[PDB]
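To start, the structure under review is shown below, and the notes come after it.
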Amino acid sequence: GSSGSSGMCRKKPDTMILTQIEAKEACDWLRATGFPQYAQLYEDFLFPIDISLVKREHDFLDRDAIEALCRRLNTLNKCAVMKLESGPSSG
């Protein structure tokens, strides 16, 4: 395992708060849905996470259940890396 060397980050005036909302929503759900582990990962600045994995491992779930679960993970996969690049989503 590891002790904890996540690292450090910078703070720049740009979509700093906005992201907080988009993320908070996803996280709150991850824990307010049944997966208290998916809401803790992001909290530890672990994201983005292996989306394709959450599916392969949870292949048992149904298409709807999976899609819904992913709809949250993805939203974070970008809200946790957006730092690198804004991310022009059709704009």
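Throughout the sequence shown, residue numbering follows PDB author numbering, covering 1 to 91 in sequence. The beta carbon of each residue, even a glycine, is placed where N, CA and C say it ideally should be.
Using 9 Å as the threshold, is the C-beta distance between residue i and residue j below it?
i, j, result
"residue 92", "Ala80", "Because the chain in this structure spans residues 1 to 91, residue 92 falls outside the shown range and cannot be described."
"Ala32", "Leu76", "no"
"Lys83", "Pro48", "no"
"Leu46", "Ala39", "no"
"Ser86", "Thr15", "yes"
"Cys27", "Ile51", "no"
"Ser6", "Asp44", "yes"
Could you give the uninterrupted runs of the alpha helix (DSSP H) lying entirely in the segment 2-52, keeping only those of 4 residues or more? As far as the segment 2-52 is concerned, its whole alpha helix (DSSP H) runs of at least 4 residues are 16-33, 38-43.
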